[PDB]
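Only one chain comes next, encoded as C-alpha cells, the form deposited without the named molecule.
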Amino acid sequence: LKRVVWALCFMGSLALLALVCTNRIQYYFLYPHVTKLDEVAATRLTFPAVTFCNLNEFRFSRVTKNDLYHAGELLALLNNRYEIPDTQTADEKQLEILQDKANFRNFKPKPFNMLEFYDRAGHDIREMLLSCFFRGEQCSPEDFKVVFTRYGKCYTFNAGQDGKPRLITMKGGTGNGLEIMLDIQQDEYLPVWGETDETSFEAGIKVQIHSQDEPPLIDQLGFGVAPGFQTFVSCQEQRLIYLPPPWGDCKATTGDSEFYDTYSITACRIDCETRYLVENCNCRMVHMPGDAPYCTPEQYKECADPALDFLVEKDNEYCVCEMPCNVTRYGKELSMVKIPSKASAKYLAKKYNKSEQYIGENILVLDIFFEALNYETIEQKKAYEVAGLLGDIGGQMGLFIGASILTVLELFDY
C-alpha cells in the first residue's frame, strides 16, 4: 500500500542519484583547472637582464675598404658593379669619403667574416654609455655583456652569467632599479641609400627585458626608446605556472632541448631558425648558435636574410613551439619627458665635449624599475582532486540510498 508506493519513490530516489553521480564523474574527466593569481609587493626580487642595441648596426668611421668591398652591397652602399649607386642620397662631405674608399683601383680583397665585422664596426658600449647607475651604485661597461643579435653587437646588463651574483630589488620606484644615459651617435650612422635588412630609417635603440636564462629576440619582441627623451619603464614580474597533461599542454622547463640549457619559447624559436638556415643555406647568421659556417655577405643577401624573414613573417607551420611549464613575463608601462631642458642643454654639451644640438639629437636616458606591486604569480590549480570526487559521489551515495562499496560488492556476489 503506502509502504510500497514510496518504494516507487525509491525508484525515483534511485533515478536522481544516477544523474547527479554521473555528473561529478564526467566533470572529473574534463580535468578542470582554476587560477590562483597573486599580485604582491615582493622582496629579494631578482632583477631581469636588460639587452639593448643601437638601431644602426655598423659605425661609419669603422667601415673599411675591405669591409665596403665584401659587404657594401648588403648595406646598399654599392650596386652590383661594385660602385656607388648613381641614385645615392648625396652628401658633399660624406660622398667624398665613401667614393674614396670605394676606390678599389689598387685593391685586392682580403679575408672577411660578418662576426668580426659586427664585433669591430658595431657600436661600442664604452662610448655609448655616458652614465649608468643601479640602485645608487654606478655601473661601467664592465657590467654589460656583449651579445650578438640580428641588430649586431648588442649589450646585456645583468646577464647574470660570469658567476657574477645577480642583482636584487626590494621596493617600487626608480631608485630601486637601473638608469642609464646613452649617446646613440647619429654622427656614426651609416648613410642609407637604399632599403635592406641591415639599414633603418629610425634613430634610437631597441630594448628587451628578459630572464637571465632566456635569450633575447630583440628584433621581434623588443621595445624602442627615442633619443632626446628620458623614458621611464615601470615593470612587474609575472610568473606563470601551468599544469602538465592531462590538465594542460605543458613542456618541462628543464627541457632536453638543444642549443640552450633551459627550455623557453624564445630559445625554441632560435633553435629552429638555426636548423632552418643551416639546412637551407649551408650557413648560420652571426647571432645563431652551433658550429656552422657564418654566412658571407652574399649568403646574407641571397639566402640567409629571406630565409629568416620567411620564418618570422610568413611561416605558419615549420617553427611553432610548445608552452613551457614556467613562463616569466614582464608587464611594463612606458612614459617620457624631454631631454635636455634649455636650462641644462649647455651643461651636457660642455660636459661631453659636444654641440648643444648634438645633445638634443643623440642623448637619451632610460629608467627601468618596478612598481610597488612588483611581483605577480599566475598559477593554474587543479579543481577536482580524486579524493574530492569520492567524497562527493560517496556523500551522494549515502544520501539517496545509504550504500557503500561493501554493500555493493558483497551483495553483488552473495
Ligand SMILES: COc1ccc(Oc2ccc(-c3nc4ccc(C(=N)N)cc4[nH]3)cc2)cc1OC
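Start at 1 with the first residue shown and count on from there. The term rigid core refers to the maximal set of C-alpha atoms that superpose within 1.5 Å between the two forms.
There is another form of this protein, the form deposited with the named molecule bound, and it is not shown here; the text below is about that form.
Counting atoms of the named molecule, placed from its pose in the deposited complex by superposing the C-alphas round the site, that lie within 2.4 Å of this form's backbone or C-beta atoms gives 3 or more, so the site is blocked.
Residue contact with the named molecule in the deposited complex: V192 places a heavy atom within 4.5 Å of it. Interface residue remark: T199 is counted as part of the site for the named molecule in the deposited complex, having a heavy atom within 4.5 Å. Contact annotation: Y155 falls outside 4.5 Å of the named molecule in the deposited complex, judged by heavy atom distances. Taking the partner from the other structure, the named molecule in the deposited complex has no heavy atom within 4.5 Å of any heavy atom of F52. The partner is absent here; in the deposited complex, the one residue of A159, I339, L129, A76 having a heavy atom within 4.5 Å of the named molecule is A76. For the options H210, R269, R284, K206, the residue carrying a heavy atom within 4.5 angstroms of the named molecule in the deposited complex is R284.
Comparing 224 to 232, 92 to 100, 174 to 182, 111 to 119 against the named molecule in the deposited complex, the single stretch with non-hydrogen atoms within 4.5 angstroms of it is 111 to 119. Within 4.5 angstroms of the named molecule in the deposited complex, the stretch 32 to 61 places a non-hydrogen atom from each of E57, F58, taken in sequence order. Large C-alpha shift between the shown form and the other one, rigid core held fixed: of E198, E273, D183, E214, this applies to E198 alone, with a displacement of 2 Å or more. Annotation: Cα of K381 displaced by less than 2 Å between the shown form and the other one, core superposition.
Once the rigid core is overlaid between the shown form and the other one, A42 counts among the residues whose Cα shifts by 2 Å or more. A displacement of less than 2 angstroms separates the C-alpha positions of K110 between the shown form and the other one, with the rigid core held in common.
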